[PDB]
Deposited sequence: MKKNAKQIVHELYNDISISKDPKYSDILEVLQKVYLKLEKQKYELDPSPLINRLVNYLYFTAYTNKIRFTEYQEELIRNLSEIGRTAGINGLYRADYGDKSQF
């Protein structure tokens, strides 16, 4: 469930009261409200990795796993638009 994963990712990050995650939490919040989906989910994942790189942020192994699961929900066979691979897989090129 997308809402569940977003809610869980938000809560896990929020507990570690760190200002460098303020923007990420704001975006997660915005996405959660909207979810109450594949395109939105993918835009969110794009943002998370872009932000992480640019801000030199490192998600915990568990947080990375939640992000992976979120994309899997967005990329489930025949639900939305066609996707070329699991998120980040080089097989799409």
Map the modelled residues onto the deposited sequence and report the uncovered stretches in sequence order. 1 to 3, 40 to 46
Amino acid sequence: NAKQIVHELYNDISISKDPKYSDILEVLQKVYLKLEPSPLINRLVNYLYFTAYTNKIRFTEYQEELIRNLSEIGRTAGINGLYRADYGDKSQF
From here on, numbers count along this sequence of modelled residues.
Using the B-factors recorded in the PDB entry, average over the C-alpha atoms of 37 to 45 and of 51 to 59, then report which stretch comes out higher. 51 to 59
Taking the deposited Cα B-factors and averaging over 26 to 34 and over 62 to 70, the higher mean is found in 26 to 34
Record-listed C-alpha B factor of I13: chain third: middle
Would you mind checking where the Cα B-factor of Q92 ranks among the modelled residues of its chain, as the lowest, middle or highest third? lowest
